[PDB]
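Report on the following structure.
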Amino acid sequence: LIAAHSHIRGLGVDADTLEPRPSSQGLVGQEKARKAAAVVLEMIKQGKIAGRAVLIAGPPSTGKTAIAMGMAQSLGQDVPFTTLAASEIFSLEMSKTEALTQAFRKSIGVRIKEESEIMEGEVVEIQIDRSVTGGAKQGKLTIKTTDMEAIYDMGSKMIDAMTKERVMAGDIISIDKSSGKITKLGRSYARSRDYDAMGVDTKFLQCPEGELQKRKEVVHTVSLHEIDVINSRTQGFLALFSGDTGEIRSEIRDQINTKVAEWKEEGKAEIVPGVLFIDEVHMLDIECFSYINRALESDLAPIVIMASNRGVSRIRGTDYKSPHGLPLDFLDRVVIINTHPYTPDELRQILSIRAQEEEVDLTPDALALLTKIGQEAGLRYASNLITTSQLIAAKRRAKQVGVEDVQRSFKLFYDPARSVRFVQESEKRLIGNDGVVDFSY
Amino acid sequence: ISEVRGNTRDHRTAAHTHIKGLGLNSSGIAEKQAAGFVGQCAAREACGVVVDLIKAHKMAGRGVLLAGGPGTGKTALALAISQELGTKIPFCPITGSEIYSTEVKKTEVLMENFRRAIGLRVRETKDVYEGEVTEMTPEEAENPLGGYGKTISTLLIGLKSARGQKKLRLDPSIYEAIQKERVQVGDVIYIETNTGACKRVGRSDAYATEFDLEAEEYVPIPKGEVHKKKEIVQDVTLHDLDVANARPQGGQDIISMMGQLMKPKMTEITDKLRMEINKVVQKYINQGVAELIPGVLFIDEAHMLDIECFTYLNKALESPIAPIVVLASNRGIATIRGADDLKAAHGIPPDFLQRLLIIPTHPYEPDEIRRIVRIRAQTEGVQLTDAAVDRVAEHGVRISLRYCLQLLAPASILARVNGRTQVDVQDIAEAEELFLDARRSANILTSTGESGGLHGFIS
Amino acid sequence: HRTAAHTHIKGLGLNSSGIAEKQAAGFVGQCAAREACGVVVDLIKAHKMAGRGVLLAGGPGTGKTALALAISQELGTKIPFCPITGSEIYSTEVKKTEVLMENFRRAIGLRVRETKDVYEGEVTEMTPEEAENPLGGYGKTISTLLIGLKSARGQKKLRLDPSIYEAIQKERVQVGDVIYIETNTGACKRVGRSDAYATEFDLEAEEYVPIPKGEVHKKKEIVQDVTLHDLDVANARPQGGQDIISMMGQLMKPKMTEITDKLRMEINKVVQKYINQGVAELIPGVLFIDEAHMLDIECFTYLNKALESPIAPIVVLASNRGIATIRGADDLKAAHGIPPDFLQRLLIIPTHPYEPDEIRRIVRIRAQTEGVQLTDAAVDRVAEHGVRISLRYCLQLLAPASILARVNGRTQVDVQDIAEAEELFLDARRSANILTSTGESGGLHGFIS
Amino acid sequence: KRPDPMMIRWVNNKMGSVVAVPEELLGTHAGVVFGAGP
Amino acid sequence: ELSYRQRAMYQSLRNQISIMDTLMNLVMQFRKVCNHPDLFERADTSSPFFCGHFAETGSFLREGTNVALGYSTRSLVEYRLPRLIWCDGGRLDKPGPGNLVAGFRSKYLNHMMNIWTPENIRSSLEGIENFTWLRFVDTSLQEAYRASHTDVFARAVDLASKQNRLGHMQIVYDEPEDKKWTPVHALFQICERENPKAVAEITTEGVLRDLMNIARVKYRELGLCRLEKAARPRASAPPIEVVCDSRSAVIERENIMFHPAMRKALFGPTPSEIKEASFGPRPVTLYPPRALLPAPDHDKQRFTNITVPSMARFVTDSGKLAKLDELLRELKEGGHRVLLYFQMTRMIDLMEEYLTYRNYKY
Ligand SMILES: Nc1ncnc2c1ncn2[C@@H]1O[C@H](COP(=O)(O)OP(=O)(O)O)[C@@H](O)[C@H]1O
Ligand SMILES: Nc1ncnc2c1ncn2[C@@H]1O[C@H](COP(=O)(O)OP(=O)(O)O)[C@@H](O)[C@H]1O
Ligand SMILES: Nc1ncnc2c1ncn2[C@@H]1O[C@H](COP(=O)(O)OP(=O)(O)O)[C@@H](O)[C@H]1O
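As they're listed, the protein sequences go chains D, C, A, H and G.
Note that the entry's author numbering gives residue 106 to position 87 of the first sequence, counting from 1, and the numbers run on in steps of one.
Note that the entry's author numbering gives residue 162 to position 159 of the second sequence, counting from 1, and the numbers run on in steps of one.
Note that the entry's author numbering gives residue 286 to position 273 of the third sequence, counting from 1, and the numbers run on in steps of one.
Note that the entry's author numbering gives residue 460 to position 20 of the fourth sequence, counting from 1, and the numbers run on in steps of one.
Reading the fifth sequence from the start, the letters are residues 1221 to 1241, 1256 to 1596 in the entry's author numbering.
Here is the structure:
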């Protein structure tokens, strides 16, 4: 599916000089902000700096999310990129502080390296002994390559896996002795015909070759929050996915912080600091900000990127207004990146990119009109008309979106400004702020 | 056992029972009176494009606002969309009131409904043998093992369905299931080929007379083929996959079993579960074994959402797998529910309002009211004189569309209790006097409640 | 390796006479406050007084948090330093005064010598013996297990209690395993397979372990560091026994509970016995409540009781506020945001704003700590922002400017790189002007108010 | 050698599959499925 | 460079210098820790602090070869109640002389005047009366009466002895002519008779089955079942006990705190019961059909906080040994397997343990 930021596929900057290109990777304009963001990527990728809070500020639209989403695309898969809407911090399960602590620790990765041994071979024989009316199980697996054959004892856990997988002679299987996962890969020869209900036919494979065992390094990245959850419990690691973690006690996290440092010095773990993107941060309250002040001071703090639309605005949980809706002793810790409203030549480029992403073929006149609509009504509204006009054009079986299709879309769907006028022009027939309304004609 | 009710099975009727669709040409132009709609031609034409947007499955997380006064047909238009899409497309309607759960943060409630609105269709083959067990019979092996009393090479089972008989030459290992399931001759079972095990459905009711007393429920013989291989289509919302992962159902241990016996509170599911679900779902879509069905989340009275709800929907709508969200509002210029000093149009925050395609619904002309009266009358089955249609429509113009429509059922009763099947002005004139409207009743409050000491309204 | 806001602070930088060196241990200035924090350090190390309060009072950025971190380093890792913000007190699971007591008791340490009395060996034989329960309805029960343990030096046969056999069942022990049986808990640990069975031909990654050396029966001496809070919690939600309550307590969701003062006074008596037995020593430490203005009138009222406790820690409060409204007491205003009543209990250490030359010196220390080289023109330019805008702001420029410098290939930051950093990364006040200037107009491009 | 009195053995190979039952289990309820009950 | 373990020891030694500015013994033990911290205080199987009484062994020599290990573990918090309260009718629910209310109230409120007793239910079983639904919820009057009186643990054990037969009907009663057949006595059991889970168990490609397993598959794939525990509780305790000088109090402690039926449910059938169930002429059911204790989430830590040292730590705990290991894993290309020299004899023994861990020959 196509979404609001699907065209954004990077930050669009020269990796050498960090110079923003005027158009690249789906981003247009905002060059100062895109350059400032490119520098923050270097701080993230180097990882040495802890707890720098960057605020992207600007009026609505202007790409504050688009830039932050461009950064996510530039960091790639290994680095954590936790996105919070600030409204997620308010919870009934846990305090706001606990919700912030978890989100901070979600943004720090721990890249564990482990070495595992996998078997692979043709099953030549399988033998299982089962107790009558009881759990006791034992068995032996005879397994083969073109160059080895050996008989392995099976425990109860293997026998459960072996029957879940319906391992039969001639199956090619591999077994990771560390995890105990069994996978079938095919068969060395046809499934025998005498028995019925023998299941779906497999792939063919030639027999595996060389040694049965081989060692294999495997790398797993987990957040510090996952480690918190696993170690706060004997049982219930489902809480990692379910929420339901409660307010994890701080003496557990102290221990985890020490152990992760120990794992790092031992070379067991590589710590991978990522970013917490908080969107619409002006939704946090005064207690949240007082916590974040000092969460940033840890050497395990991620870099925290924030976005706000707000002018001078009231701080939540507070009597008084402040710039961005953020308190001043918080803003003392924060550098601000400013986004700016677009030029018509930028809107034309952005709309062209949206049209390509949505696979919509605008005529040049339709693009000109959409650009003009974009100046009067906003970039989002004009981008919605692209999809609408495509549909309307298709119903009349036109090859391309014409001005006629854009005009009809504009006719059908109200500009956020026209809707405000419509609301004013029917103040008596809409329900007021004091609840009065008239239903009569 | 159950005594079948044979007489009648007629439908009830509710406020929207007449709405049957958007009533649009093949060109998408609205007909002035079709599918139960009268007027709103522009609003119906816009909703027609919305139906085409949804049915095209191209786009995620587009917002639509239905804006207009109370009674102007906004929920009628939403219900018409749901009918235009048909039941294959998910449609999750809520009010903004429904978000304030006591069990979880309201943004979890919003995200739950958000993923109810996304359907997944999965096609798989089901492949089982079924019947009553006619026979069970070992075959000795030709090479019996040393030191063992018996060696069995096959275990024959005869299965009978209503449509055939088959001898299953099963692998000997099925002895395990037969013992543990206690399969007898005459029990109804199935054997599934992906495991080779069996499960006992019950004892066949062909044996319900074996004893005067037995602790058996008897079950009919399967009325399918003895071997059932067919493709099966499974429809699940992505919310069903969330819950199936966050609250696994089948657990055999004491803690699982105590769990399923206690109150099953919902839980604030993590983004990493939902994200991990999304990524595997997308694997199967690329394999072509599943298809995504993006539906509609309809939020009625969206002015009841607060600013924390709206700021979350910003994030939610940006996700690649998201429904179309349709809001409806009627609140003019109003305070945002969570931000007591911000007033905005529709009661929707201006930050969020910029996202929405806005569709206005206008008031109705007197002649549209009269047409609706007749459509509503023929839906409630009320028969009217034309003078009664006029008198009712006059209340529609002077008072409210809803009020005049509501008099038809009272007036129908007052007519038949005078032996008349056709309602006439004399009946309308009695319904309207037994059943006041909001304004005439409010005039009594002003006049009789002019004082409160006794016999006055509490104020 | 990773560098945070306070990585340069190493200590209070005091002489043996207790006088602040004007620049030492990462500090510049605050000399009077560093000297007062020295006397606080000596109050803690004396471990003689309970429940004394200290307020670090002073504007934001004046090093109050640096000083508290310096106290923690002067005390070193033996003493509990328990740092919190006032925002952390607002648990959903338990009342706010509960998390005050938990944190008060995390600040009190205990070092204790423990004897582990233990059995070890390769399991040579294992044989259950049974009770024929006639009418319990649960059927038969195992009455004991006989198990043979072999070490390198000797051998025993143990007739285990049923509750210890349940521990072995949980641990999945089999003949030929090496196991550990702590008689303190009755817990059993499976160490591995005996090395006598060491073979490649098992599908599961078994731990093949050598036979235990020495006697089968041992006593181990271990020195443990615990806080009073760890003892409280251990005894509130017990998990150490092999009884059914302990067993099920390991399966239920972890949950904080409003631990009663009965449990706390009982655990004082337990710890007092360890002290009188000579196996333990008390290590009373310090609780640092940062952002103490974020506490509320109920918290402060509770501290008036809690600080009277004869084993309360030392409490250091920081506040950055002038005359301000007390939270939860909206009619009451007082200095520091602290109630006048509770302020009488504290010793207030005021901290003061820096001079231009101190700021210049902090820039160099901080530049050295982040590992970035500046020209003196660069150091002067950054110091100007510290004077004109804010210390915090000017220190935030060092890392951006280093990248911008390196991008041009120059390894040393010069004025052009700071001049670029100033324009990419605004301070609060340049951003606030953009808000106000644009806020002249609404419409599409207004900031939302 | 003698097999465990309580364990039924399944074994599968290129020739297919067999189950073998201890003579201690023939004449029990477990023998019935093999045609050798009480 | 020293490992963090060595660094901590070396620091604690230079704390001794605060007295001294024994130095010969100090520098000799500085040399030990710089060789390997196990020369100074060898790492060993360890556990949280245990905050409880237990009976310790006073003599190893007199213990002999055969000894009974009783369960001595006891709380040091030791709540003392008079038998007037704990035994002789200060507990309201327990009948006896001096608690004449409890025996009456037990009978009348749980049986006589109890809506769930089968004689009461059967009067309300019809029409619009309050147990009218019972006809269709797949439970007997006996089962309704059991579920109202047994606690959620006891009910959960009984629930182990049940079959998902309504889910199997979904597999079998499938064609339109089966009319989604459901036993009329199970008519209201709607969500059990139809849900996707049962079908997904049976399809030949487990697409909907895999989708429902993602969370637990991902958990195990990350290895979080096998990763070392990064934290544990620092102290551990057994439950608090009442101390009351009565034999009844001691009996009651065994009945509740070591509750036989709960334990039997958790750990399952005994070996004699498995024999009697297996050799009998007819099948027989077992009180629990299986052990109902869950599988542990951690495959190695299981249900205990005991931790065992490992050879991985052993190598890295000495900076020299870690460095030596890296160069030995290349000098293996040259040989020199025993070209190593030591100033301490025990260091040679530790090196044998390391070499055998590496399987390097002497
Ligand atoms: N400079 C830009 N280049 C490309 N797309 C942009 C740019 N700015 C905004 N957009 C797009 O327009 C929409 C609005 O921008 P968004 O980033 O959501 O604004 P906000 O700053 O309010 O979060 C998004 O779909 C985004 O992809
Ligand atoms: N165009 C229309 N044609 C037929 N019936 C309508 C029309 N508009 C509204 N109604 C009916 O009149 C009533 C008011 O419409 P409704 O959708 O409830 O208004 P709203 O949602 O705006 O409050 C409903 O019973 C509805 O079915
Ligand atoms: N005297 C000082 N010497 C060196 N660095 C200091 C000094 N005072 C403050 N800093 C540093 O300046 C920043 C602000 O100080 P901080 O303690 O956070 O102020 P606050 O009183 O608001 O806590 C921190 O990075 C801190 O390390």
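In this text, a Cβ means the ideal position worked out from N, Cα and C, and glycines have one as well.
Below-8 Å beta-carbon distance, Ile-1349 of chain G vs any chain D residue: Numbered from 1 along the fifth sequence, position 115 holds the residue referred to as residue 1349 of chain G. It does not: the Cβ of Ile-1349 of chain G has no partner Cβ on chain D nearer than 8 Å.
Partners in chain C for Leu-264 of chain A, counting only beta-carbon separations shorter than 7 Å: Indexing the third sequence from 1 puts residue 264 of chain A at position 251. Within chain C, the residues whose beta carbon sits less than 7 Å from that of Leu-264 of chain A are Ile-258, listed in sequence order.
Candidates A:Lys-346, A:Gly-341, A:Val-328: closest to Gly-335 of chain A by CA position: Your numbering for residue 335 of chain A matches position 322 in the third sequence. Nearest of A:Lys-346, A:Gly-341, A:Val-328 to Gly-335 of chain A, Cα basis: A:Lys-346.
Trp-450 of chain H in three-state terms, based on DSSP: Mapped onto the fourth sequence, residue 450 of chain H falls at position 10. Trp-450 of chain H falls in the strand class under three-state DSSP.
Of the residues G:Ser-1480, G:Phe-1501, G:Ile-1474, G:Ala-1499, the one placed nearest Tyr-1313 of chain G, counting alpha carbons only: Mapped onto the fifth sequence, residue 1313 of chain G falls at position 79. Nearest option by C-alpha distance: G:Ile-1474.
As assigned by DSSP and simplified to three states, the class of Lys-77 of chain A: Within the third sequence, the letter at position 64 stands for residue 77 of chain A. In the structure shown, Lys-77 of chain A sits in a helix (DSSP, three-state: H, G or I).
Below-8 Å beta-carbon distance, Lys-1463 of chain G vs any chain A residue: To locate residue 1463 of chain G, count along the fifth sequence from 1; it is residue 229. Not closer than 8 Å to any Cβ of chain A, the Cβ of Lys-1463 of chain G fails to qualify, so no.
Cβ of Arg-1516 of chain G within 8 Å of any chain H Cβ: Counting from 1 along the fifth sequence, the entry for residue 1516 of chain G is found at position 282. At a cut-off of 8 Å between beta-carbon atoms, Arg-1516 of chain G makes contact with chain H.
Near-chain C residues of the region 1407–1418 of chain G - C-beta to any C-beta below 8 Å: The region 1407–1418 of chain G vs chain C, Cβ under 8 Å: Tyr-1407, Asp-1408, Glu-1409, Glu-1411, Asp-1412, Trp-1415, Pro-1417, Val-1418.
Check: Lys-77 of chain A C-beta below 7 Å from any heavy atom of ligand 1: Mapped onto the third sequence, residue 77 of chain A falls at position 64. Flag unset: Cβ of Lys-77 of chain A not near ligand 1.
Beta carbon proximity, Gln-146 of chain D to chain H, threshold 8 Å: Translated into positions along the first sequence, residue 146 of chain D becomes position 127. For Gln-146 of chain D, the answer is yes, since a Cβ of chain H falls inside 8 Å of its Cβ.
Under 8 Å between C-beta atoms of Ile-322 of chain D and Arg-71 of chain D: As a first step, residue 322 of chain D must be located in the first sequence, where it is residue number 303. As a first step, residue 71 of chain D must be located in the first sequence, where it is residue number 52. The Cβ atoms of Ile-322 of chain D and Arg-71 of chain D sit closer than 8 Å to each other.
Neighbour list for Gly-1323 of chain G in chain D, Cβ cutoff strictly below 7 Å: As a working note, residue 1323 of chain G is residue 89 in the fifth sequence. Near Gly-1323 of chain G there are no residues of chain D at all, since even the closest Cβ is about 39 Å away, more than 7 Å.
Beta-carbon contacts of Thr-110 of chain A that lie in its chain and below 6 Å, excluding the five residues immediately before and after: Your numbering for residue 110 of chain A matches position 97 in the third sequence. Excluding residues within five positions, the ones whose Cβ falls inside 6 Å are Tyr-315.
Per DSSP, the bridge partner or partners of residue 1246 of chain G: Residue 1246 of chain G falls within a stretch that is absent from the model, since chain G runs 1241 to 1256 with no residues between.
As assigned by DSSP and simplified to three states, the class of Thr-1437 of chain G: The residue you call residue 1437 of chain G lines up with position 203 of the fifth sequence. In this structure, DSSP gives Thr-1437 of chain G an extended state, which the three-state scheme calls strand.
CA-to-CA distance, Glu-423 of chain D to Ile-327 of chain C, given in whole angstroms: For the purposes of this step, residue 327 of chain C is taken as the residue at position 324 of the second sequence. For the purposes of this step, residue 423 of chain D is taken as the residue at position 404 of the first sequence. For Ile-327 of chain C and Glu-423 of chain D, the gap between their C-alpha atoms comes out near 25 Å.
Integer-rounded CB distance, given that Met-260 of chain C should sit under 8 Å from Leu-20 of chain D: Position 1 of the first sequence, counted from the first residue, corresponds to residue 20 of chain D. Position 257 of the second sequence, counted from the first residue, corresponds to residue 260 of chain C. Wrong, their Cβ atoms sit about 40 Å apart, outside the cutoff.
Terminal residues of the alpha helix (DSSP H) in which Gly-262 of chain C lies: Counting from one through the second sequence, the residue named residue 262 of chain C turns up at place 259. Element bounds for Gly-262 of chain C: 257–264.
Simplified DSSP state of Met-139 of chain C, which is helix, strand or coil: By one-based count along the second sequence, residue 139 of chain C stands at place 136. The three-state reading of DSSP puts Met-139 of chain C in strand, counting E and B together.
Same chain, Cβ closer than 6 Å to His-242 of chain A, five either side skipped, listed in chain order: Position 229 of the third sequence, counting from 1, holds the residue named residue 242 of chain A. Taken in chain order, the residues that qualify are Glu-115, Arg-118, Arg-119.
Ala-325 of chain A vs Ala-319 of chain A beta-carbon contact at 8 Å: Residue mapping note: residue 325 of chain A aligns to position 312 of the third sequence, counting from 1. Residue mapping note: residue 319 of chain A aligns to position 306 of the third sequence, counting from 1. Taking 8 Å as the Cβ cut-off, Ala-325 of chain A and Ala-319 of chain A qualify as a contacting pair.
Backbone secondary structure at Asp-130 of chain C - three-state DSSP: Locating residue 130 of chain C in the second sequence gives position 127, counting from the first residue. Residue state, collapsed to three classes: strand.
Sequence ranges, alpha helix (DSSP H) only - wholly within the region 354–421 of chain C, length at least 4: Taken in chain order, the whole alpha helix (DSSP H) runs of length 4 or more contained in the region 354–421 of chain C are 369–383, 389–401, 404–409, 411–419.
Neighbouring residues, chain D, relative to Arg-442 of chain H (Cβ below 9 Å): On the fourth sequence, residue 442 of chain H is found 2 positions in, with the first residue counted as 1. Below the 9 Å Cβ cutoff, chain D contributes no neighbours of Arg-442 of chain H, its closest Cβ being approximately 13 Å away.
Cβ separation of residue 5 of chain A and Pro-93 of chain A, assumed to be a contact under 8 Å, to the nearest whole Å: With chain A running from 14 to 462 in the structure shown, residue 5 of chain A is simply not present.
Inter-residue spacing [alpha-carbon to alpha-carbon] between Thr-338 of chain C and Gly-456 of chain A: Translated into positions along the second sequence, residue 338 of chain C becomes position 335. Translated into positions along the third sequence, residue 456 of chain A becomes position 443. Note on geometry: alpha-carbon atoms of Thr-338 of chain C and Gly-456 of chain A lie some 19 Å from one another.
C-alpha distance - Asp-1551 of chain G paired with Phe-1576 of chain G, whole-angstrom precision: Numbered from 1 along the fifth sequence, position 317 holds the residue referred to as residue 1551 of chain G. Numbered from 1 along the fifth sequence, position 342 holds the residue referred to as residue 1576 of chain G. Using only the alpha carbons, I get a separation of about 18 Å.
Collapsed DSSP secondary structure at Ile-447 of chain C in the structure displayed: Counting from one through the second sequence, the residue named residue 447 of chain C turns up at place 444. DSSP places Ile-447 of chain C in helix when its eight states are reduced to three.
Contacts that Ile-461 of chain A makes with chain C (C-beta to C-beta distance below 7 Å): The residue you call residue 461 of chain A lines up with position 448 of the third sequence. Contact of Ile-461 of chain A with chain C by beta-carbon distance below 7 Å involves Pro-353, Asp-354.
Same chain, Cβ closer than 7 Å to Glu-464 of chain H, five either side skipped, listed in chain order: The sequence position of residue 464 of chain H within the fourth sequence is 24, counting from 1. These residues qualify, in order along the chain: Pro-445.
Buried or exposed (CB count within 10 angstroms, at least 16 for buried), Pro-369 of chain A: The residue you call residue 369 of chain A lines up with position 356 of the third sequence. Classification for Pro-369 of chain A: exposed.
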